[PDB]
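Structure first, commentary second.
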Amino acid sequence: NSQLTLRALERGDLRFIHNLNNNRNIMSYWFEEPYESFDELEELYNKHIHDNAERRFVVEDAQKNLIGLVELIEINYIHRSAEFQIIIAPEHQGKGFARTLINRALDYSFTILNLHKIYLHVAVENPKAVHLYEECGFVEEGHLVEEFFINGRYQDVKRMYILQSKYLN
Amino acid sequence: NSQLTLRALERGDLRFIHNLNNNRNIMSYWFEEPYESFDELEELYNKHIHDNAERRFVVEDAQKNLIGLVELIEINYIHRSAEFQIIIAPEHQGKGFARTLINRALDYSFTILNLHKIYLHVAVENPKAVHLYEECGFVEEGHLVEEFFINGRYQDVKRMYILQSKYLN
Amino acid sequence: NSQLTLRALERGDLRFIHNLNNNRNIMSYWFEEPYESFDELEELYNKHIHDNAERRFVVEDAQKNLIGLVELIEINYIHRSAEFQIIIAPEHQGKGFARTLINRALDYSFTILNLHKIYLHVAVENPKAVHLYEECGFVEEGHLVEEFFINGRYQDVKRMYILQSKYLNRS
Amino acid sequence: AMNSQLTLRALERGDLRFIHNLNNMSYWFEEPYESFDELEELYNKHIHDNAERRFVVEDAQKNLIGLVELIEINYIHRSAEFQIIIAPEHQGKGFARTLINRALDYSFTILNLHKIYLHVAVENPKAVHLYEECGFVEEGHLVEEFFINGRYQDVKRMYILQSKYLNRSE
Amino acid sequence: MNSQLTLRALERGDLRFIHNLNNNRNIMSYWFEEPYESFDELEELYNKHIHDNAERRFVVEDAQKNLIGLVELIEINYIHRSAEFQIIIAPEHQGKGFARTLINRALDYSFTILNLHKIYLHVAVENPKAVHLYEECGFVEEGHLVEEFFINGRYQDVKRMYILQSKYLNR
Amino acid sequence: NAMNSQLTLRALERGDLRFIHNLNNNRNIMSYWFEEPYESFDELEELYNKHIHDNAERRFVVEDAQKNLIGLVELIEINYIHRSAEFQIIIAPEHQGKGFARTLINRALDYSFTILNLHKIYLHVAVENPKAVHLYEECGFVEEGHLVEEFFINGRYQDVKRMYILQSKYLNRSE
Amino acid sequence: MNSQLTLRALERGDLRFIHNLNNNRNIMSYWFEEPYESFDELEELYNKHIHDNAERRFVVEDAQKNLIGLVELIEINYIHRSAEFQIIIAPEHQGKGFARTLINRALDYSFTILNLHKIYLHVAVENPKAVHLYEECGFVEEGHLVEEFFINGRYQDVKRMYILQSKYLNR
Amino acid sequence: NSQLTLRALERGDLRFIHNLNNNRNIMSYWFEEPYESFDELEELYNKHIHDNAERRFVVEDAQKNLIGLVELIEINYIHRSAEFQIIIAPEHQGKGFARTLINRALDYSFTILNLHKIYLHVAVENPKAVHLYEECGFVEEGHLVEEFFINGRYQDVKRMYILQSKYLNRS
Amino acid sequence: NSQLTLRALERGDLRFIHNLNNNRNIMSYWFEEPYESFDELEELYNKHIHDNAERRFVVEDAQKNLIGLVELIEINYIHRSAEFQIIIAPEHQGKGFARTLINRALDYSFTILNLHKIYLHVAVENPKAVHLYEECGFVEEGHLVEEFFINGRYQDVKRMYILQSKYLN
Amino acid sequence: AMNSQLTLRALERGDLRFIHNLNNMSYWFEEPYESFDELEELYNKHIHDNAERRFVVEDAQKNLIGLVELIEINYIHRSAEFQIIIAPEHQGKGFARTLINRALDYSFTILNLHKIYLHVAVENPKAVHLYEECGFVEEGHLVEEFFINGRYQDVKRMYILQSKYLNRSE
Ligand SMILES: [Mg+2]
Ligand SMILES: [Mg+2]
Ligand SMILES: [Mg+2]
Ligand SMILES: [Mg+2]
Ligand SMILES: [Mg+2]
């Protein structure tokens, strides 16, 4: 589990991005523009390559297998906040990486990027995930009502946060 | 049937959709622009690559044979409607695939794009397709008189619809 | 009514078009692109100036007051059909002008542009408009269920049509 | 009386000066800017972009009263964030309520959105009250969210849904 | 009075005259084989084709500078040395005897300056007097084009009529 | 007859331009692309890029089942108000006198009248080619004009027949 | 062997042949009346004048595709129906009898396809045998231009010689 | 010497030009614009490709080795004069090539470009170069006092010239 | 003489310098580009407005009459040299102004641009101007043979110079 | 030996990566930048601008050793500011002296400048020594001039004149 690195995303990784944001039955976005096809995604990559409102990090193991993806979006450089999201590739889900990847993401965000606050959205219908992020130090600050249409109905999500000052004690 | 997949159209697919027009004595359109040559198609494709008014999925089996095409056009995000069509390659017709593909398209339209109405047009002189869409839950809402010039004369078409609220319950 | 003229829209008429949107309370489109501001419209106008999929005619009286707009949209030159809409400025409604403008539009469509079919959508909750189009030769070919979100809810519309051969042979 | 003569019209290029003066950090389609030149460039870039929509507010003599914004507009989830700014010289006149309701009319009867939400500083319970009286309910108390006046402050997230707004009096 | 009529090459400033002329005949107008309705469309086509030598147009004026009409040559092919000719006279000046003079000026330009070999035109079969005017100017019928144009509500036949350089020059 | 039925028509593409160019090889006439003249391949290529979306002319390359290049069907001066167009067919010299012309004329008419929904097709044919005049009469075309010294061809001015057929005559024969 | 020579219209790929040909005659070369020395200059002029019909050029090849020479028409005026002609034969192929054939192909194009009326050329007075070759091809002297060109160190006289369409077509 | 050819400079030769600057230790100019980097030069090249105020010729042997450069600058077509410079790559100096290149440049200037006067500047502290140009027909017309800052100090240069009439009448 | 001023050329001055070319049977140049029409001059002016290779001053008296033109061209900032010329309008010739204007130009060249050498060209057949520039401290450094075609034949000119070190002491 | 194989050549577009890596705040013709994209845009803008001039330094095997800069070049007053940067991996090898003298050769024998000056952190007296041994003399002790390492530091301004450099050994 200590074998896991975050690498900044490069053009070559878009194939992985696409494979991941695939069998997920939700709309996938790149800098808030939606895409389904690889070619749509590439054209978006080229259009937003200099924009730093979102920052993505590919996660690899010791033999550089692609394990998953860390995204930060809605980055705001005045308030120093960002929305966190994680995708583990289906083949590596359930092996114990989620916790490790999360703490690596927090470490990157809070030391290297010097962000003040990280948040995320977790479906309320997934109380397992909620409890996971809880165990990793996140706390509820919001119960967003019918925020997202997911799987043919409107759903609530927990808004959960952690501050730099708490993670660094 | 259960092994049929939908995949968003890429540039590599244009040859396939172009060949699918051979077996159709009719004019084809890309984002409401007519075309005949592949080169015209490729230019239209580049031009409308992020245009969200239309969406197309290539159908394949598990062997990656190219089975057909699912199209949603005239997507309107205010009225939350879209027109649906399907083309199945000649060799794969009368294999009972149509029903499955129709349902995949409704599924996409209603569970992920969060649309409210899906309509289509069926030649009145194809009461077999008429009946199939009835079986899928579409109902007639119009009988358009001399709407389209097809095979050397003006022909009526049914306009058939189904609503998000019926498909999801 | 005889002093009502049709004239191809121009750039100078855009301010009139924009003001016709004021009390209509729906989304306005230019060649299927949505807009609200005058600056948006002016720019869509310049982009689509050679695009033949829509055509528009300002309606003026003998004194060049701006009376209304005739629009043809979704024009298709294979099937030879188009969708028709008419808008009369509120200060000119209830003066019987609509019938004349409907006929001028049909005349242009069927005697100059050489289309085969004209069709339109009318709110089911506006039976006067429906009856008006009926008197002008239109016939219901559909009752479209919850087709448009209009003013807080989905409404049904009649789709009504007339053919070139019926208009041209009329008494 | 005065409220009923307030009008909304879509923001034009000529209104960008008014906008600039309203900030005496700013954003335009989530792009950051400071100088009037910067804003005007961003405006030309996003003129047909439908993710945000602004209305400038005027009285009968055509004075500039303030601004209604819808941002973060998403047409899948059918939601948007609402902000209102009233010029200093026209505050404490009752306008806010009138404008909030126009923005909701637009959002729910023309855009056909499902959910409108806003953020309001917790250290401004008068605004909070106002939004509650308009039908907004708290769904979040966001901890140390926005750097405001040399320090981080909590903000309320409040929302209202299409069907609640439209059927209110039924 | 007829020797007092002048041709001068069309300028930008004459576009509004051209547009009114054509507006009022209820036909679809074309500029360098591209279609237009909107003045702004005419003006852009004008800027695009300004040095293009496939069409040439002359505005006709009297000595008082009243705008009389228009002489057009189109489809000008410099290999086959042919062009299509048309004349349009403003309605207020029709019937005054100007047409023969204008037809001859057009021929004189075509045959003594551009050095063309053949000039031709189309004339509605339903206008036999114009047929006769052109015959009396030297044109002969070489075709009866069946349902060639859709004009004011129906498909019309037109006569195609021509004259050769050698014939016009040896009168 | 066997080979006639196996001919296909397909929309002209960029890679077909060499073929179009070679087709002018022993034609001794000025060739045009959307009414602009040209002579070299490189000239033609640039004209093709320029009018790729232009709907006033349409061209179909003709091939057999082994994808030999048989010839070209060309519709020009397409007008969608009057609903008319001018038609030409060119068969490569090696594939002439195998009966293909009749078949390709019928395909062009079929496309024009059942897909484009045009009302009239016409063509021009050299008065000095009475054999083609007769072929077009057999396909339903009728003389509507005898155009005097219309074109300069091979060193002198020549007359042409203008011949037409109407959609209603082609589609209603067997109705 | 002479009937086995072909003309085909100049392509981009033939620019290097043209440039070597002209390099080696020690004269100042022009492309569409604009001067060049540098190949890169030739290539840009090529791109700029690619559809311009005032000059036309044909590369001459044998059956084995050896590059033989060049036939040029310039100053092509479509009102007066005249052009200036030149032929350049690569030095290795001079003396082989190709010239008469090339001159005739050039005339055939000029007079049977472009429908020109007059073709002319300039020929150094100090090359009386070429004068004679052109006479024997039908050209007649119509001018002796005095010190017209500065060529290889001095001002040279040239003969101007022409032939008419009517004469070439009735041989 | 006879196998030395002059050829109009091209884009591909720019790397050679840049390397000729390496051990010269002076400012280099392209059409009077100063440069040091290859990227600067490449861009000045594209800008001035149609500019006739300077002209340059790469010198190649029979084996296409790059031997040197002939430049004409400050060319004026009224007065018919230009300034001349010659540069031989260091690995080709001391082989007697300079005289041949000087003559090739004069030949081009006076027999093709038709100039009247060629002039050049030679460091007074290089009397061999001076004597060389003298043998080629140049004559001192000035001794320019502290004209150029060269290698740490102002130096004098001879201005030397030859006229077209003297070069062309020479033995 | 002491009341003559130098003023940098503006757009408003182009008519003046254009009229000054009438009284000169010679071709004029603007940044080494030839021209004849005013419109050509105006385009050249716009194009070279910040080009520092040439500098021009209009001479006026205290009444603001337009007396003449002082030009410095071929300004080189490495070799620190420039060519000087002067034109005095016909009506103002033989008023003893020339000497004064020459000195103003040297003054500018040597005290403000910090140039090292100033040269000029004088027709050999104008020994009167030759002598004047000698009196101002210019010395002959060349006798350029048939340098310029003037009034229908090639003519010699002297090239005369003066150095910063002589003018300032 | 190693010093004599150092070469200078004018900066090209291909060298901008090397430049970027040398900063692990930066300026380009006095315009500020951070990302590699930013620099490349500034480079295209100032490619023919003569107010600054850069030379990249290479050995015989063509490794990138460092950079010589002349900036603030003024051709009236005939002066410029000099900076030298040597890559970390090649420091403490004696190169600096060799490069300083090449830069002065260029400035005084080809540009014909009168004065070259530099700024050097007062808290780096080794550099100061080096520049003095090269003929530079202090003309200023600039108080709290440059923010460096979270605080303001003094810097020496040092200069040398053309005639002093060129006649040194005479
Ligand atoms: Mg956002
Ligand atoms: Mg549509
Ligand atoms: Mg035509
Ligand atoms: Mg000429
Ligand atoms: Mg110069």
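Residues in the structure tokens are named by chain (A, B, ... in the order shown) and by number from 1 within that chain; ligands are numbered from 1 in the order shown.
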Expected answer as JSON, numbers by chain: helix (DSSP H, G or I) residues in stretch 40-91 of chain I: {"I": [40, 41, 42, 43, 44, 45, 46, 47, 90, 91]}
Based on only C-alpha atoms, which of the residues in chain F come within 6 Å of chain B? I want them as a ChimeraX atom specification. /F:11,114-115
If you run DSSP on the backbone here, which positions in stretch 26-103 of chain I get strand (DSSP E or B)? Please write them as JSON, numbers by chain. {"I": [28, 29, 30, 33, 34, 35, 55, 56, 57, 58, 59, 60, 66, 67, 68, 69, 70, 71, 72, 73, 74, 75, 76, 81, 82, 83, 84, 85, 86, 87, 88]}
Compute the set of protein, DNA and RNA residues whose minimum atom distance to ligand 3 is at most 8 Å, using only C-alpha atoms and all ligand atoms, and state it as an MDAnalysis selection string. (chainID E and resid 33 75) or (chainID F and resid 35 77)
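With chain A superimposed on chain B by least squares using every Cα atom in order, the two chains differ by 0.6 Å RMSD.
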For residue D:88, please output as an MDAnalysis selection string all residues within 10 Å (counting only C-alpha atoms; exclusion window: fewer than 6 positions along the same chain). chainID D and resid 22 65:66
Export of the given selection (C-alpha atoms) as a compact mmCIF listing (two decimals), in the first residue's frame:
```
# COMPACT_ATOMS: atom_id res chain seq x y z
CA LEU D 22 -19.94 47.58 -8.50
CA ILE D 65 -30.16 49.93 -9.42
CA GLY D 66 -28.26 46.65 -9.37
```
Give me, as number ranges by chain, all polymer residues having an atom no more than 9 Å from residue E:156, counting only C-alpha atoms and skipping those fewer than 2 positions away in the same chain. E: 124-126, 145-151, 154, 158
Step by step, measure atom-to-atom distances between ligand 1 and each residue using only C-alpha atoms and all ligand atoms, keep those at most 7 Å, then write them as a ChimeraX atom specification. /A:32,74 /D:30,72
Just want the 12 Å neighbourhood of residue E:115, counted on only C-alpha atoms, with same-chain residues fewer than 4 positions away dropped. Output as a PDB file with N, CA, C and O atoms, in the first residue's frame.
```
ATOM      1  N   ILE E  76     -21.072  35.495 -68.141  1.00  0.00           N
ATOM      2  CA  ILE E  76     -20.151  35.958 -69.189  1.00  0.00           C
ATOM      3  C   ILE E  76     -18.999  34.972 -69.353  1.00  0.00           C
ATOM      4  O   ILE E  76     -18.157  34.893 -68.509  1.00  0.00           O
ATOM      5  N   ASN E  77     -18.995  34.199 -70.425  1.00  0.00           N
ATOM      6  CA  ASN E  77     -17.911  33.260 -70.694  1.00  0.00           C
ATOM      7  C   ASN E  77     -17.018  33.785 -71.808  1.00  0.00           C
ATOM      8  O   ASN E  77     -17.458  33.968 -72.960  1.00  0.00           O
ATOM      9  N   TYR E  78     -15.771  34.029 -71.440  1.00  0.00           N
ATOM     10  CA  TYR E  78     -14.721  34.550 -72.310  1.00  0.00           C
ATOM     11  C   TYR E  78     -13.974  33.523 -73.182  1.00  0.00           C
ATOM     12  O   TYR E  78     -13.015  33.857 -73.883  1.00  0.00           O
ATOM     13  N   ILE E  79     -14.393  32.274 -73.147  1.00  0.00           N
ATOM     14  CA  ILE E  79     -13.909  31.281 -74.119  1.00  0.00           C
ATOM     15  C   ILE E  79     -14.883  31.099 -75.247  1.00  0.00           C
ATOM     16  O   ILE E  79     -14.489  31.147 -76.427  1.00  0.00           O
ATOM     17  N   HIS E  80     -16.147  30.890 -74.886  1.00  0.00           N
ATOM     18  CA  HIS E  80     -17.226  30.795 -75.851  1.00  0.00           C
ATOM     19  C   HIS E  80     -17.717  32.148 -76.260  1.00  0.00           C
ATOM     20  O   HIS E  80     -18.438  32.231 -77.218  1.00  0.00           O
ATOM     21  N   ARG E  81     -17.373  33.181 -75.504  1.00  0.00           N
ATOM     22  CA  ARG E  81     -17.657  34.558 -75.875  1.00  0.00           C
ATOM     23  C   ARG E  81     -19.165  34.818 -75.888  1.00  0.00           C
ATOM     24  O   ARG E  81     -19.709  35.420 -76.798  1.00  0.00           O
ATOM     25  N   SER E  82     -19.845  34.343 -74.862  1.00  0.00           N
ATOM     26  CA  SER E  82     -21.266  34.537 -74.741  1.00  0.00           C
ATOM     27  C   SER E  82     -21.631  35.111 -73.382  1.00  0.00           C
ATOM     28  O   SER E  82     -20.886  34.957 -72.432  1.00  0.00           O
ATOM     29  N   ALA E  83     -22.783  35.781 -73.316  1.00  0.00           N
ATOM     30  CA  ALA E  83     -23.377  36.246 -72.070  1.00  0.00           C
ATOM     31  C   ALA E  83     -24.899  36.308 -72.170  1.00  0.00           C
ATOM     32  O   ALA E  83     -25.477  36.367 -73.270  1.00  0.00           O
ATOM     33  N   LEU E 107     -26.264  45.828 -76.384  1.00  0.00           N
ATOM     34  CA  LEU E 107     -25.600  45.161 -77.506  1.00  0.00           C
ATOM     35  C   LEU E 107     -24.316  45.885 -77.937  1.00  0.00           C
ATOM     36  O   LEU E 107     -23.310  45.258 -78.227  1.00  0.00           O
ATOM     37  N   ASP E 108     -24.336  47.202 -77.952  1.00  0.00           N
ATOM     38  CA  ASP E 108     -23.177  47.927 -78.378  1.00  0.00           C
ATOM     39  C   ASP E 108     -21.976  47.664 -77.459  1.00  0.00           C
ATOM     40  O   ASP E 108     -20.842  47.560 -77.932  1.00  0.00           O
ATOM     41  N   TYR E 109     -22.219  47.576 -76.149  1.00  0.00           N
ATOM     42  CA  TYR E 109     -21.186  47.312 -75.227  1.00  0.00           C
ATOM     43  C   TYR E 109     -20.651  45.899 -75.432  1.00  0.00           C
ATOM     44  O   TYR E 109     -19.446  45.699 -75.552  1.00  0.00           O
ATOM     45  N   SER E 110     -21.577  44.939 -75.458  1.00  0.00           N
ATOM     46  CA  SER E 110     -21.276  43.561 -75.643  1.00  0.00           C
ATOM     47  C   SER E 110     -20.450  43.313 -76.887  1.00  0.00           C
ATOM     48  O   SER E 110     -19.461  42.547 -76.864  1.00  0.00           O
ATOM     49  N   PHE E 111     -20.843  43.959 -77.982  1.00  0.00           N
ATOM     50  CA  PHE E 111     -20.255  43.627 -79.258  1.00  0.00           C
ATOM     51  C   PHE E 111     -19.145  44.544 -79.770  1.00  0.00           C
ATOM     52  O   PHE E 111     -18.412  44.157 -80.687  1.00  0.00           O
ATOM     53  N   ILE E 119     -25.013  37.003 -77.638  1.00  0.00           N
ATOM     54  CA  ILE E 119     -25.783  37.425 -76.507  1.00  0.00           C
ATOM     55  C   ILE E 119     -27.153  36.760 -76.577  1.00  0.00           C
ATOM     56  O   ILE E 119     -27.804  36.740 -77.643  1.00  0.00           O
ATOM     57  N   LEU E 164     -26.077  37.401 -82.763  1.00  0.00           N
ATOM     58  CA  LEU E 164     -24.641  37.261 -82.921  1.00  0.00           C
ATOM     59  C   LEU E 164     -23.972  38.603 -83.206  1.00  0.00           C
ATOM     60  O   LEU E 164     -24.563  39.507 -83.802  1.00  0.00           O
ATOM     61  N   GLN E 165     -22.728  38.718 -82.769  1.00  0.00           N
ATOM     62  CA  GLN E 165     -21.897  39.861 -83.064  1.00  0.00           C
ATOM     63  C   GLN E 165     -21.965  40.230 -84.545  1.00  0.00           C
ATOM     64  O   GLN E 165     -22.214  41.388 -84.891  1.00  0.00           O
ATOM     65  N   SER E 166     -21.741  39.254 -85.417  1.00  0.00           N
ATOM     66  CA  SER E 166     -21.619  39.538 -86.847  1.00  0.00           C
ATOM     67  C   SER E 166     -22.909  40.141 -87.398  1.00  0.00           C
ATOM     68  O   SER E 166     -22.880  41.024 -88.232  1.00  0.00           O
ATOM     69  N   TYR E 168     -25.231  41.913 -85.518  1.00  0.00           N
ATOM     70  CA  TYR E 168     -25.446  43.242 -84.977  1.00  0.00           C
ATOM     71  C   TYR E 168     -24.483  44.223 -85.657  1.00  0.00           C
ATOM     72  O   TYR E 168     -24.841  45.371 -85.876  1.00  0.00           O
ATOM     73  N   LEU E 169     -23.255  43.814 -85.974  1.00  0.00           N
ATOM     74  CA  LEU E 169     -22.278  44.783 -86.496  1.00  0.00           C
ATOM     75  C   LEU E 169     -22.524  45.149 -87.974  1.00  0.00           C
ATOM     76  O   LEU E 169     -22.071  46.195 -88.421  1.00  0.00           O
TER      77      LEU E 169
ATOM     78  N   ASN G  77      -4.897  38.379 -72.977  1.00  0.00           N
ATOM     79  CA  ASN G  77      -6.014  39.314 -72.901  1.00  0.00           C
ATOM     80  C   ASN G  77      -7.228  38.749 -73.623  1.00  0.00           C
ATOM     81  O   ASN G  77      -7.203  38.515 -74.848  1.00  0.00           O
ATOM     82  N   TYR G  78      -8.276  38.530 -72.845  1.00  0.00           N
ATOM     83  CA  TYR G  78      -9.555  37.980 -73.286  1.00  0.00           C
ATOM     84  C   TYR G  78     -10.560  38.976 -73.895  1.00  0.00           C
ATOM     85  O   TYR G  78     -11.697  38.620 -74.215  1.00  0.00           O
ATOM     86  N   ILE G  79     -10.162  40.222 -74.057  1.00  0.00           N
ATOM     87  CA  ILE G  79     -10.955  41.177 -74.847  1.00  0.00           C
ATOM     88  C   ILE G  79     -10.422  41.305 -76.245  1.00  0.00           C
ATOM     89  O   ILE G  79     -11.192  41.211 -77.219  1.00  0.00           O
ATOM     90  N   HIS G  80      -9.112  41.520 -76.342  1.00  0.00           N
ATOM     91  CA  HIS G  80      -8.424  41.567 -77.619  1.00  0.00           C
ATOM     92  C   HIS G  80      -8.091  40.194 -78.113  1.00  0.00           C
ATOM     93  O   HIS G  80      -7.736  40.066 -79.255  1.00  0.00           O
ATOM     94  N   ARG G  81      -8.151  39.196 -77.243  1.00  0.00           N
ATOM     95  CA  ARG G  81      -7.999  37.803 -77.630  1.00  0.00           C
ATOM     96  C   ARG G  81      -6.583  37.532 -78.143  1.00  0.00           C
ATOM     97  O   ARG G  81      -6.374  36.889 -79.157  1.00  0.00           O
ATOM     98  N   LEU G 116      -8.361  32.059 -78.930  1.00  0.00           N
ATOM     99  CA  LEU G 116      -7.694  33.335 -79.117  1.00  0.00           C
ATOM    100  C   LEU G 116      -7.702  33.698 -80.602  1.00  0.00           C
ATOM    101  O   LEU G 116      -7.927  32.848 -81.471  1.00  0.00           O
ATOM    102  N   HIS G 117      -7.465  34.967 -80.857  1.00  0.00           N
ATOM    103  CA  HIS G 117      -7.433  35.520 -82.174  1.00  0.00           C
ATOM    104  C   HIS G 117      -6.008  35.736 -82.715  1.00  0.00           C
ATOM    105  O   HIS G 117      -5.773  35.631 -83.922  1.00  0.00           O
TER     106      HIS G 117
END
```
Let me see if you get this right: every residue at most 10 Å from ligand 2, counting only C-alpha atoms and all ligand atoms, written as a PyMOL selection string. (chain B and resi 31-32+53+73-76) or (chain C and resi 31-32+53+73-75)
Restrict the selected residues to N, CA and C atoms and save them as a PDB file, in the first residue's frame.
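To be explicit, this is the file written out as out27.pdb:
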```pdb
ATOM      1  N   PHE B  31     -25.917  17.445 -37.905  1.00  0.00           N
ATOM      2  CA  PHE B  31     -26.348  18.696 -37.284  1.00  0.00           C
ATOM      3  C   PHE B  31     -27.144  19.553 -38.249  1.00  0.00           C
ATOM      4  N   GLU B  32     -28.079  18.909 -38.923  1.00  0.00           N
ATOM      5  CA  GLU B  32     -29.014  19.581 -39.824  1.00  0.00           C
ATOM      6  C   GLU B  32     -28.354  20.129 -41.077  1.00  0.00           C
ATOM      7  N   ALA B  53     -26.369  19.613 -29.379  1.00  0.00           N
ATOM      8  CA  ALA B  53     -27.693  19.427 -29.942  1.00  0.00           C
ATOM      9  C   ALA B  53     -27.949  18.012 -30.526  1.00  0.00           C
ATOM     10  N   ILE B  73     -31.309  13.548 -31.865  1.00  0.00           N
ATOM     11  CA  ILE B  73     -31.086  14.873 -32.450  1.00  0.00           C
ATOM     12  C   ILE B  73     -32.136  15.852 -31.934  1.00  0.00           C
ATOM     13  N   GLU B  74     -32.012  17.120 -32.327  1.00  0.00           N
ATOM     14  CA  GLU B  74     -32.850  18.206 -31.839  1.00  0.00           C
ATOM     15  C   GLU B  74     -32.948  18.189 -30.304  1.00  0.00           C
ATOM     16  N   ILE B  75     -31.854  17.862 -29.622  1.00  0.00           N
ATOM     17  CA  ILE B  75     -31.854  17.935 -28.193  1.00  0.00           C
ATOM     18  C   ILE B  75     -32.069  19.391 -27.752  1.00  0.00           C
ATOM     19  N   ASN B  76     -33.161  19.623 -27.031  1.00  0.00           N
ATOM     20  CA  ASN B  76     -33.432  20.913 -26.437  1.00  0.00           C
ATOM     21  C   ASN B  76     -33.441  20.808 -24.906  1.00  0.00           C
TER      22      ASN B  76
ATOM     23  N   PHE C  31     -31.496  31.169 -35.449  1.00  0.00           N
ATOM     24  CA  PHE C  31     -30.955  29.940 -36.034  1.00  0.00           C
ATOM     25  C   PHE C  31     -30.609  28.922 -34.942  1.00  0.00           C
ATOM     26  N   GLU C  32     -31.601  28.648 -34.114  1.00  0.00           N
ATOM     27  CA  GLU C  32     -31.536  27.642 -33.031  1.00  0.00           C
ATOM     28  C   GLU C  32     -30.514  27.962 -31.934  1.00  0.00           C
ATOM     29  N   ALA C  53     -31.582  28.492 -43.852  1.00  0.00           N
ATOM     30  CA  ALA C  53     -32.477  27.605 -43.081  1.00  0.00           C
ATOM     31  C   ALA C  53     -33.545  28.367 -42.326  1.00  0.00           C
ATOM     32  N   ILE C  73     -38.814  29.013 -40.289  1.00  0.00           N
ATOM     33  CA  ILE C  73     -37.660  28.291 -39.737  1.00  0.00           C
ATOM     34  C   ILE C  73     -37.662  26.798 -40.097  1.00  0.00           C
ATOM     35  N   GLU C  74     -36.610  26.069 -39.723  1.00  0.00           N
ATOM     36  CA  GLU C  74     -36.482  24.659 -40.063  1.00  0.00           C
ATOM     37  C   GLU C  74     -36.810  24.464 -41.562  1.00  0.00           C
ATOM     38  N   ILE C  75     -36.324  25.357 -42.411  1.00  0.00           N
ATOM     39  CA  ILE C  75     -36.586  25.219 -43.840  1.00  0.00           C
ATOM     40  C   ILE C  75     -35.767  24.081 -44.409  1.00  0.00           C
TER      41      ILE C  75
END
```
Which polymer residues have any atom within 12 Å of an atom of residue B:84, counting only C-alpha atoms, with same-chain residues fewer than 6 positions away left out, as a VMD selection string? chain B and resid 54 to 57 69 to 75 101 to 106 108 to 109 117 to 122 133 138 159 to 162
At a cut-off of 8 Å, using only C-alpha atoms, what residues contact residue H:5? Leave out same-chain residues fewer than 3 positions from it and give the result as JSON, numbers by chain. {"H": [2, 59, 60, 61, 62]}
The selected residues should be written to file as a PDB file, in the first residue's frame (atoms: C-alpha atoms).
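Contents of result-v6.pdb, as written:
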```
ATOM      1  CA  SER H   2      35.285  27.078 -63.423  1.00  0.00           C
ATOM      2  CA  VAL H  59      28.651  29.715 -53.989  1.00  0.00           C
ATOM      3  CA  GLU H  60      28.887  25.967 -54.545  1.00  0.00           C
ATOM      4  CA  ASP H  61      31.551  23.784 -56.202  1.00  0.00           C
ATOM      5  CA  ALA H  62      30.722  20.841 -58.576  1.00  0.00           C
TER       6      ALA H  62
END
```
Closest atom pairs, chain F residues within 7 Å of chain G, only C-alpha atoms, as CSV:
```
residue,atom,partner,partner_atom,distance
F:28,CA,G:113,CA,6.9
F:29,CA,G:113,CA,6.0
F:30,CA,G:113,CA,6.8
F:39,CA,G:9,CA,5.8
F:40,CA,G:9,CA,4.9
F:41,CA,G:11,CA,6.9
F:42,CA,G:11,CA,5.9
F:43,CA,G:50,CA,6.5
F:153,CA,G:113,CA,6.7
F:154,CA,G:112,CA,4.9
F:155,CA,G:112,CA,3.9
```
